[PDB]
Amino acid sequence: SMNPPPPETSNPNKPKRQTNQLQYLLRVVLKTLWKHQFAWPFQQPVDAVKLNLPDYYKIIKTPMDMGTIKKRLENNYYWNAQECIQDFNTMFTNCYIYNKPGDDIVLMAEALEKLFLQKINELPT
Ligand SMILES: COCC(COC)n1c(-c2cc(C)c(=O)n(C)c2)nc2cc(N3CCOCC3)ccc21
């Protein structure tokens, strides 16, 4: 059991643009979640070898983490704000698929998801 390569943070065969929404997702949404006290388990891909979680990448076939989302925003990987919001949703959903109710990681995901929703609420037009 080993780790997959992390998600792509670059697509050479994809146009790029700067929008108010993408800038807000990096500078306000991601930055706010990144600095939250419960951010640390979500700042990098799950390392199944280091943490000894051999069934993680048997159960989770669409991994996502805030380190990947950060790099995607910084590299102008996303064309649509929807793509970035979908990646956050995937990250939270994976946590609820793999882990059990009352697990520390699940209550941490709940706290971050609540904050995420409050910040996306004020996403500009
Ligand atoms: C609160 O989460 C605890 C779990 C423990 O998994 C066995 N965990 C995850 C983790 C995260 C997610 C989203 C998940 O689903 N699982 C199962 C584990 N990522 C981690 C990273 C670290 N370290 C801290 C020191 O620096 C290196 C990294 C330490 C613990 C971690």
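Our subject is the structure listed above.
In this view, residue numbering begins from 1 on each chain in the order the sequence is written and may differ from the entry, while residues that lack coordinates are not shown. Side-chain calculation: all heavy atoms of the structure are included, whereas hydrogens and water are not.

(A) Examining the overall build of the protein more closely. Counting secondary structure elements, the protein contains 5 helices and 0 strands. In sequence order, the protein lays out its α and β elements as α-α-α-α-α. This radius of gyration counts C-alpha atoms alone. The globule rule is 2.2 Å times how many residues there are, raised to the power 0.38. A compact globule built from 125 residues should have a C-alpha radius of gyration of about 14 Å, and the protein, at 15 Å, falls within 12% of that. The principal-axis extents of the C-alpha atoms in the protein amount to approximately 40 × 35 × 20 Å. The buried label applies to any residue whose accessible area, calculated with a 1.4 Å probe on protein chains only, is under 20% of its type's maximum; exposed applies above 50%, and partly exposed to all values in between. Sorting the 125 residues of the protein into buried and exposed places 32% on the buried side. Within the protein, counting contacts between residues at least 6 apart in sequence, those at least 24 apart form 76% of the total. Of the accessible surface of the protein, which amounts to about 7,800 Å², a share of 52% is contributed by carbon and sulfur atoms. Looking at charge distribution, the protein has the averaged site of its 15 positive side-chain charges lying 7 Å from that of its 12 negative ones. Labels follow the DSSP assignment, with helices taken as runs of H or I lasting at least four residues and strands as runs of E lasting at least two, numbered in each case from the N terminus. Every residue pair with non-hydrogen atoms within 4.5 Å of one another is taken to be in contact. What sets the accessible areas is the Shrake-Rupley method with a 1.4 Å probe; for residues, cover comes only from the shown protein chains. Charged residues are defined narrowly, with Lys and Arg counted positive, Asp and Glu counted negative, and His plus the chain ends left uncounted. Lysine's charge is taken at NZ, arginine's at CZ, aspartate's at CG and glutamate's at CD.

(B) Molecular detail of unusual backbone geometry. Even without a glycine there, the phi angle at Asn 52 is positive, about 60°. Given a relative accessible area of 60%, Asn 52 falls into the exposed group. A positive phi angle is found at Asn 76, which is not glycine, with a value near 60°. Looking at where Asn 76 falls in the secondary structure, it is placed in the loop between α3 (66-74) and α4 (81-98). When its relative accessible area of 30% is taken as the criterion, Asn 76 is described as partly exposed.

(C) Examining the packing of α4 against helix α5 (residues 104-120) more closely. At a minimum axis separation of 9 Å, α4 and α5 run at an interaxial angle of 160°. On the basis of the axis angle, α4 is roughly antiparallel to α5. The chirality of how α4 crosses α5 is left-handed. Facing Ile 85, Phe 88, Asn 89, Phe 92, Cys 95 and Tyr 96 of α4, the residues of α5 in contact are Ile 105, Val 106, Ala 109, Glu 110, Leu 112, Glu 113, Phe 116 and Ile 120. Among the residues forming the contact of α4 with α5, the class breakdown is 11 nonpolar, 1 polar and 2 charged. For helices, the axis comes from a line fit to the C-alpha atoms of the stretch in contact; other axes are also lines fit to C-alpha atoms, and the angle between any two N-to-C directions lies between 0 and 180 degrees. Between 65 and 115 degrees an angle is taken as roughly perpendicular, under 35 as roughly parallel, over 145 as roughly antiparallel, and anywhere else as oblique. Helix crossings fall into two classes, left-handed where the near helix is turned counterclockwise from the far one by less than a right angle and right-handed where it is turned clockwise. Amino acid classes used here: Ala, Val, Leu, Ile, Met, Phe, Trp, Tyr, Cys and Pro are nonpolar; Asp, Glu, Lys and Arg are charged; the rest, including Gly, are polar.

(D) Summary view of the site of the ligand. Near is defined per residue: the residue qualifies when any heavy atom it owns lies within 4 Å of the molecule or strand. Neighbouring the ligand are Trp 40, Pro 41, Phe 42, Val 46, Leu 51, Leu 53, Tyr 56, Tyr 98, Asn 99, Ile 105 and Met 108. Whenever two N or O atoms come within 3.5 Å, that pair is a polar contact, provided that in protein one can donate a hydrogen and the other can accept it, and provided that, for residues adjacent in sequence, both atoms are side-chain atoms. Contacts to the ligand include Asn 99, whose side-chain N or O atom sits 3.1 Å from an oxygen atom. Considering the ligand on its own, with 660 Å² of exposed area, one finds that the protein chains cover 62% of that surface. Across the shell around the ligand, the residue classes break down as 10 nonpolar, 1 polar and no charged.

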